[PDB]
file upload-v4.cif (mmCIF, C-alpha atoms)
data_input
loop_
_atom_site.label_atom_id
_atom_site.label_comp_id
_atom_site.auth_asym_id
_atom_site.auth_seq_id
_atom_site.Cartn_x
_atom_site.Cartn_y
_atom_site.Cartn_z
CA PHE A 563 -13.66 -0.66 -19.66
CA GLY A 564 -17.44 -0.83 -20.13
CA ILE A 565 -18.08 -2.96 -17.04
CA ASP A 566 -21.80 -3.23 -16.27
CA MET A 567 -22.65 -0.70 -18.97
CA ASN A 568 -23.41 -0.09 -22.65
CA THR A 569 -20.74 1.03 -25.19
CA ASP A 570 -17.60 2.11 -23.36
CA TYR A 571 -16.50 5.75 -23.50
CA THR A 572 -13.23 7.42 -24.46
CA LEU A 573 -10.94 9.24 -22.05
CA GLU A 574 -12.28 12.55 -23.33
CA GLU A 575 -15.91 11.44 -23.02
CA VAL A 576 -15.55 10.21 -19.43
CA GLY A 577 -13.56 13.30 -18.51
CA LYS A 578 -16.25 15.63 -19.81
CA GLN A 579 -18.74 13.29 -18.16
CA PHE A 580 -18.50 14.53 -14.58
CA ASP A 581 -16.28 17.58 -15.01
CA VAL A 582 -12.59 17.17 -15.93
CA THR A 583 -9.96 17.22 -18.64
CA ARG A 584 -8.84 13.91 -20.11
CA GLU A 585 -5.48 13.97 -18.33
CA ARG A 586 -7.06 13.93 -14.87
CA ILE A 587 -9.29 11.02 -15.89
CA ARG A 588 -6.17 9.20 -17.07
CA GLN A 589 -4.52 9.89 -13.71
CA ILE A 590 -7.56 8.54 -11.87
CA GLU A 591 -7.57 5.40 -14.00
CA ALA A 592 -3.85 4.92 -13.37
CA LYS A 593 -4.37 5.28 -9.62
CA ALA A 594 -7.21 2.75 -9.70
CA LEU A 595 -5.12 0.24 -11.64
CA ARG A 596 -2.19 0.80 -9.29
CA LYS A 597 -4.44 0.01 -6.33
CA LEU A 598 -5.96 -3.07 -7.96
CA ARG A 599 -2.52 -4.31 -9.02
CA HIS A 600 -1.53 -4.07 -5.37
CA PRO A 601 -1.87 -7.36 -3.43
CA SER A 602 -4.60 -7.92 -0.83
CA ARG A 603 -7.31 -6.72 -3.25
CA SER A 604 -5.77 -8.80 -6.06
CA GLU A 605 -6.24 -12.39 -4.89
CA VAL A 606 -9.50 -13.60 -6.46
CA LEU A 607 -8.84 -12.00 -9.85
CA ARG A 608 -5.39 -13.59 -10.06
CA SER A 609 -7.17 -16.87 -9.33
CA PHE A 610 -9.47 -16.20 -12.28
CA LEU A 611 -6.24 -15.89 -14.27
CA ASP A 612 -5.00 -19.28 -13.02
CA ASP A 613 -1.62 -18.45 -14.58
CA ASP B 250 7.05 -16.17 10.67
CA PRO B 251 6.44 -15.59 6.94
CA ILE B 252 4.53 -12.35 7.57
CA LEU B 253 7.50 -10.70 9.28
CA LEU B 254 9.95 -11.33 6.43
CA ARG B 255 7.26 -9.88 4.11
CA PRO B 256 8.45 -6.55 2.64
CA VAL B 257 6.69 -3.46 3.93
CA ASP B 258 5.20 -2.97 0.45
CA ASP B 259 2.20 -5.16 1.31
CA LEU B 260 1.43 -3.48 4.65
CA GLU B 261 -0.94 -1.16 2.73
CA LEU B 262 0.76 1.95 4.13
CA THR B 263 0.45 5.49 2.83
CA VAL B 264 3.27 6.90 0.72
CA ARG B 265 4.36 9.12 3.63
CA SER B 266 4.97 6.04 5.76
CA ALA B 267 6.76 4.48 2.78
CA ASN B 268 9.13 7.46 2.70
CA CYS B 269 9.61 7.25 6.47
CA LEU B 270 10.54 3.57 6.32
CA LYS B 271 12.81 4.21 3.33
CA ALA B 272 14.62 6.72 5.53
CA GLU B 273 14.76 4.09 8.27
CA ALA B 274 15.37 1.38 5.63
CA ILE B 275 13.48 -1.39 7.44
CA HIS B 276 12.29 -3.63 4.61
CA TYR B 277 11.01 -6.59 6.65
CA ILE B 278 8.88 -6.40 9.79
CA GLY B 279 10.67 -9.07 11.84
CA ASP B 280 13.35 -6.59 12.85
CA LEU B 281 10.72 -3.82 12.86
CA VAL B 282 8.75 -5.28 15.77
CA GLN B 283 12.01 -5.52 17.71
CA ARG B 284 12.19 -1.72 17.49
CA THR B 285 10.47 0.28 20.23
CA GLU B 286 8.21 3.33 19.88
CA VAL B 287 11.10 5.76 20.39
CA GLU B 288 13.20 3.91 17.80
CA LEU B 289 10.40 4.62 15.31
CA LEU B 290 10.03 8.22 16.53
CA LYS B 291 13.71 8.78 15.65
CA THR B 292 12.64 8.71 12.00
CA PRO B 293 13.32 11.91 10.01
CA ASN B 294 10.20 14.07 9.63
CA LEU B 295 7.75 11.63 11.21
CA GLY B 296 4.80 12.38 13.47
CA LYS B 297 1.90 10.91 15.42
CA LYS B 298 -0.22 10.02 12.39
CA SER B 299 2.40 7.81 10.75
CA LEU B 300 3.09 5.86 13.95
CA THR B 301 -0.57 5.40 14.85
CA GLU B 302 -1.25 4.13 11.32
CA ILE B 303 1.70 1.73 11.37
CA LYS B 304 0.59 0.41 14.77
CA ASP B 305 -2.98 0.04 13.47
CA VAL B 306 -1.78 -2.05 10.54
CA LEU B 307 0.44 -4.12 12.85
CA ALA B 308 -2.63 -4.79 15.00
CA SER B 309 -4.74 -5.62 11.93
CA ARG B 310 -2.48 -8.68 11.61
CA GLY B 311 -2.15 -9.26 15.36
CA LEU B 312 1.33 -7.79 15.86
CA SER B 313 2.93 -4.73 17.47
CA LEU B 314 6.32 -3.28 18.38
CA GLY B 315 8.91 -4.37 20.94
CA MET B 316 8.69 -8.09 20.18
CA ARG B 317 11.63 -10.49 20.42
CA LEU B 318 12.99 -12.72 17.66
CA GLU B 319 15.84 -15.22 17.31
CA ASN B 320 18.15 -15.83 14.33
CA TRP B 321 16.43 -13.29 12.11
CA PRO B 322 16.41 -13.07 9.15
#

call {"tool": "encode", "arguments": {"input": "upload-v4.cif", "output": "structure tokens"}}
result
Amino acid sequence: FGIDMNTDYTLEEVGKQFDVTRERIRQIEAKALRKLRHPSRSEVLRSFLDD
Amino acid sequence: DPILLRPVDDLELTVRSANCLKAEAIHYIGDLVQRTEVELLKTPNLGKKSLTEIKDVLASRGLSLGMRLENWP
């Protein structure tokens, strides 16, 4: 997502970044978003939504 | 208490414990605390790690097993 960085990078680019195929990077991103969507860690951000 | 009618989803348990509680089918914790250690050890394919983790999370919110409740849910 480009947080605290310069131009964001594609799935392929980030995957080749450390050492992995794109699919594993996609899985990691999905796991991260599943965690963050989970409550407990998702209280302040939902407040920033104010929806 | 509102935290005991809270589905187990928010307990922050590992997927193995999720499968164990699906087998036991205890969605809310109010009737869970009423269950004793053996009643949780009757779960299919469950071991020490799952029970110690569930007890640790219960203690993280100041609760444990064997409690008593009235007119629940």

call {"tool": "closest_atom_pairs", "arguments": {"input": "upload-v4.cif", "of": "chain B", "to": "chain A", "cutoff": "10 Å", "atoms": "all atoms listed in the file", "output": "JSON lines"}}
result
{"residue": "B:258", "atom": "CA", "partner": "A:600", "partner_atom": "CA", "distance": 9.0}
{"residue": "B:259", "atom": "CA", "partner": "A:601", "partner_atom": "CA", "distance": 6.6}
{"residue": "B:260", "atom": "CA", "partner": "A:602", "partner_atom": "CA", "distance": 9.3}
{"residue": "B:261", "atom": "CA", "partner": "A:602", "partner_atom": "CA", "distance": 8.5}

call {"tool": "resolve_selection", "arguments": {"input": "upload-v4.cif", "expression": "the PyMOL selection byres ((chain B and resi 310) around 12)", "output": "MDAnalysis selection string"}}
result
chainID B and resid 252:253 259:261 278 303:309 311:313

call {"tool": "atom_distance", "arguments": {"input": "upload-v4.cif", "atom1": "CA of residue 564 (chain A)", "atom2": "CA of residue 604 (chain A)"}}
result
19.9 Å

call {"tool": "residues_around", "arguments": {"input": "upload-v4.cif", "residues": "residue 577 (chain A)", "least_positions_apart": "5", "cutoff": "8 Å", "atoms": "only C-alpha atoms", "output": "MDAnalysis selection string"}}
result
chainID A and resid 582:584 586:587

call {"tool": "residues_around", "arguments": {"input": "upload-v4.cif", "residues": "residue 293 (chain B)", "least_positions_apart": "3", "cutoff": "9 Å", "atoms": "only C-alpha atoms", "output": "JSON, numbers by chain"}}
result
{"B": [269, 272, 273, 290]}

call {"tool": "resolve_selection", "arguments": {"input": "upload-v4.cif", "expression": "the PyMOL selection byres ((chain B and resi 254) around 10)", "output": "ChimeraX atom specification"}}
result
/B:250-253,255-257,276-281,321-322

call {"tool": "resolve_selection", "arguments": {"input": "upload-v4.cif", "expression": "the PyMOL selection byres ((chain B and resi 317) around 8)", "output": "number ranges by chain"}}
result
B: 282-283, 315-316, 318-319

call {"tool": "axis_aligned_box", "arguments": {"input": "upload-v4.cif", "around": "region 575-586 of chain A", "padding_each_side": "4 Å", "output": "lines of an AutoDock Vina configuration file"}}
result
center_x = -12.1
center_y = 13.9
center_z = -18.8
size_x = 21.3
size_y = 15.4
size_z = 16.4

call {"tool": "atom_distance", "arguments": {"input": "upload-v4.cif", "atom1": "CA of residue 608 (chain A)", "atom2": "CA of residue 264 (chain B)"}}
result
24.7 Å

call {"tool": "atom_distance", "arguments": {"input": "upload-v4.cif", "atom1": "CA of residue 301 (chain B)", "atom2": "CA of residue 289 (chain B)"}}
result
11.0 Å

call {"tool": "decode", "arguments": {"input": "upload-v4.cif", "residues": "region 584-610 of chain A", "atoms": "N, CA, C and O atoms", "output": "PDB file, in the first residue's frame"}}
result
ATOM      1  N   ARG A 584       4.781 -14.528  -6.460  1.00  0.00           N
ATOM      2  CA  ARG A 584       3.737 -13.551  -6.171  1.00  0.00           C
ATOM      3  C   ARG A 584       2.615 -14.160  -5.344  1.00  0.00           C
ATOM      4  O   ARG A 584       2.028 -13.475  -4.500  1.00  0.00           O
ATOM      5  N   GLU A 585       2.298 -15.436  -5.573  1.00  0.00           N
ATOM      6  CA  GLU A 585       1.158 -16.042  -4.895  1.00  0.00           C
ATOM      7  C   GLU A 585       1.368 -16.073  -3.386  1.00  0.00           C
ATOM      8  O   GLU A 585       0.434 -15.817  -2.616  1.00  0.00           O
ATOM      9  N   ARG A 586       2.584 -16.387  -2.940  1.00  0.00           N
ATOM     10  CA  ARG A 586       2.850 -16.396  -1.505  1.00  0.00           C
ATOM     11  C   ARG A 586       2.733 -14.996  -0.916  1.00  0.00           C
ATOM     12  O   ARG A 586       2.240 -14.826   0.206  1.00  0.00           O
ATOM     13  N   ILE A 587       3.192 -13.981  -1.648  1.00  0.00           N
ATOM     14  CA  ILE A 587       3.041 -12.609  -1.173  1.00  0.00           C
ATOM     15  C   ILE A 587       1.564 -12.260  -1.053  1.00  0.00           C
ATOM     16  O   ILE A 587       1.142 -11.585  -0.104  1.00  0.00           O
ATOM     17  N   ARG A 588       0.753 -12.720  -2.006  1.00  0.00           N
ATOM     18  CA  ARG A 588      -0.684 -12.484  -1.936  1.00  0.00           C
ATOM     19  C   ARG A 588      -1.281 -13.162  -0.711  1.00  0.00           C
ATOM     20  O   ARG A 588      -2.139 -12.597  -0.026  1.00  0.00           O
ATOM     21  N   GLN A 589      -0.838 -14.387  -0.426  1.00  0.00           N
ATOM     22  CA  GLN A 589      -1.317 -15.095   0.758  1.00  0.00           C
ATOM     23  C   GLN A 589      -0.951 -14.338   2.028  1.00  0.00           C
ATOM     24  O   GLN A 589      -1.758 -14.226   2.956  1.00  0.00           O
ATOM     25  N   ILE A 590       0.279 -13.826   2.090  1.00  0.00           N
ATOM     26  CA  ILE A 590       0.716 -13.084   3.270  1.00  0.00           C
ATOM     27  C   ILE A 590      -0.129 -11.829   3.445  1.00  0.00           C
ATOM     28  O   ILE A 590      -0.562 -11.498   4.555  1.00  0.00           O
ATOM     29  N   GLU A 591      -0.367 -11.107   2.350  1.00  0.00           N
ATOM     30  CA  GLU A 591      -1.204  -9.914   2.423  1.00  0.00           C
ATOM     31  C   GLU A 591      -2.612 -10.265   2.886  1.00  0.00           C
ATOM     32  O   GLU A 591      -3.205  -9.548   3.701  1.00  0.00           O
ATOM     33  N   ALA A 592      -3.167 -11.363   2.369  1.00  0.00           N
ATOM     34  CA  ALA A 592      -4.501 -11.782   2.782  1.00  0.00           C
ATOM     35  C   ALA A 592      -4.534 -12.117   4.265  1.00  0.00           C
ATOM     36  O   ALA A 592      -5.488 -11.768   4.964  1.00  0.00           O
ATOM     37  N   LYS A 593      -3.502 -12.798   4.765  1.00  0.00           N
ATOM     38  CA  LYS A 593      -3.450 -13.115   6.189  1.00  0.00           C
ATOM     39  C   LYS A 593      -3.380 -11.842   7.022  1.00  0.00           C
ATOM     40  O   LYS A 593      -4.051 -11.720   8.056  1.00  0.00           O
ATOM     41  N   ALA A 594      -2.562 -10.883   6.589  1.00  0.00           N
ATOM     42  CA  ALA A 594      -2.444  -9.628   7.321  1.00  0.00           C
ATOM     43  C   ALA A 594      -3.780  -8.901   7.368  1.00  0.00           C
ATOM     44  O   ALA A 594      -4.187  -8.387   8.417  1.00  0.00           O
ATOM     45  N   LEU A 595      -4.475  -8.841   6.234  1.00  0.00           N
ATOM     46  CA  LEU A 595      -5.754  -8.143   6.200  1.00  0.00           C
ATOM     47  C   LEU A 595      -6.813  -8.896   6.993  1.00  0.00           C
ATOM     48  O   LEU A 595      -7.708  -8.279   7.578  1.00  0.00           O
ATOM     49  N   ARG A 596      -6.736 -10.226   7.026  1.00  0.00           N
ATOM     50  CA  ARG A 596      -7.642 -10.991   7.875  1.00  0.00           C
ATOM     51  C   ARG A 596      -7.412 -10.666   9.342  1.00  0.00           C
ATOM     52  O   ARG A 596      -8.368 -10.484  10.105  1.00  0.00           O
ATOM     53  N   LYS A 597      -6.147 -10.587   9.755  1.00  0.00           N
ATOM     54  CA  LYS A 597      -5.849 -10.229  11.138  1.00  0.00           C
ATOM     55  C   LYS A 597      -6.363  -8.830  11.457  1.00  0.00           C
ATOM     56  O   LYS A 597      -7.064  -8.623  12.454  1.00  0.00           O
ATOM     57  N   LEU A 598      -6.029  -7.854  10.613  1.00  0.00           N
ATOM     58  CA  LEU A 598      -6.422  -6.477  10.896  1.00  0.00           C
ATOM     59  C   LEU A 598      -7.933  -6.303  10.850  1.00  0.00           C
ATOM     60  O   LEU A 598      -8.481  -5.478  11.588  1.00  0.00           O
ATOM     61  N   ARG A 599      -8.625  -7.060   9.997  1.00  0.00           N
ATOM     62  CA  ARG A 599     -10.080  -7.006   9.991  1.00  0.00           C
ATOM     63  C   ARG A 599     -10.648  -7.568  11.286  1.00  0.00           C
ATOM     64  O   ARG A 599     -11.754  -7.204  11.698  1.00  0.00           O
ATOM     65  N   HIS A 600      -9.902  -8.448  11.942  1.00  0.00           N
ATOM     66  CA  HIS A 600     -10.369  -9.026  13.191  1.00  0.00           C
ATOM     67  C   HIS A 600     -10.532  -7.925  14.237  1.00  0.00           C
ATOM     68  O   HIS A 600      -9.762  -6.955  14.237  1.00  0.00           O
ATOM     69  N   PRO A 601     -11.508  -8.033  15.139  1.00  0.00           N
ATOM     70  CA  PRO A 601     -11.631  -7.026  16.201  1.00  0.00           C
ATOM     71  C   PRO A 601     -10.444  -7.060  17.148  1.00  0.00           C
ATOM     72  O   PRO A 601      -9.509  -7.840  16.943  1.00  0.00           O
ATOM     73  N   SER A 602     -10.466  -6.207  18.173  1.00  0.00           N
ATOM     74  CA  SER A 602      -9.351  -6.055  19.104  1.00  0.00           C
ATOM     75  C   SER A 602      -8.291  -5.126  18.524  1.00  0.00           C
ATOM     76  O   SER A 602      -8.014  -4.067  19.096  1.00  0.00           O
ATOM     77  N   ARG A 603      -7.688  -5.505  17.401  1.00  0.00           N
ATOM     78  CA  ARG A 603      -6.719  -4.655  16.721  1.00  0.00           C
ATOM     79  C   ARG A 603      -7.376  -3.670  15.765  1.00  0.00           C
ATOM     80  O   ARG A 603      -6.667  -2.916  15.091  1.00  0.00           O
ATOM     81  N   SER A 604      -8.703  -3.657  15.690  1.00  0.00           N
ATOM     82  CA  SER A 604      -9.438  -2.889  14.695  1.00  0.00           C
ATOM     83  C   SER A 604     -10.438  -1.965  15.368  1.00  0.00           C
ATOM     84  O   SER A 604     -11.607  -1.885  14.985  1.00  0.00           O
ATOM     85  N   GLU A 605      -9.988  -1.251  16.397  1.00  0.00           N
ATOM     86  CA  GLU A 605     -10.838  -0.316  17.119  1.00  0.00           C
ATOM     87  C   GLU A 605     -10.554   1.132  16.744  1.00  0.00           C
ATOM     88  O   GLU A 605     -11.482   1.891  16.447  1.00  0.00           O
ATOM     89  N   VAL A 606      -9.283   1.534  16.754  1.00  0.00           N
ATOM     90  CA  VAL A 606      -8.943   2.922  16.449  1.00  0.00           C
ATOM     91  C   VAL A 606      -9.189   3.231  14.977  1.00  0.00           C
ATOM     92  O   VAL A 606      -9.718   4.295  14.633  1.00  0.00           O
ATOM     93  N   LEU A 607      -8.809   2.316  14.080  1.00  0.00           N
ATOM     94  CA  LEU A 607      -9.018   2.567  12.657  1.00  0.00           C
ATOM     95  C   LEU A 607     -10.500   2.726  12.343  1.00  0.00           C
ATOM     96  O   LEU A 607     -10.893   3.640  11.605  1.00  0.00           O
ATOM     97  N   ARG A 608     -11.340   1.854  12.899  1.00  0.00           N
ATOM     98  CA  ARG A 608     -12.771   1.992  12.673  1.00  0.00           C
ATOM     99  C   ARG A 608     -13.272   3.330  13.197  1.00  0.00           C
ATOM    100  O   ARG A 608     -14.238   3.891  12.669  1.00  0.00           O
ATOM    101  N   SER A 609     -12.626   3.858  14.239  1.00  0.00           N
ATOM    102  CA  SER A 609     -12.965   5.194  14.713  1.00  0.00           C
ATOM    103  C   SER A 609     -12.568   6.246  13.686  1.00  0.00           C
ATOM    104  O   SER A 609     -13.300   7.214  13.454  1.00  0.00           O
ATOM    105  N   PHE A 610     -11.403   6.073  13.058  1.00  0.00           N
ATOM    106  CA  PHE A 610     -11.019   6.972  11.977  1.00  0.00           C
ATOM    107  C   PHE A 610     -12.008   6.915  10.829  1.00  0.00           C
ATOM    108  O   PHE A 610     -12.141   7.892  10.085  1.00  0.00           O
TER     109      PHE A 610
END
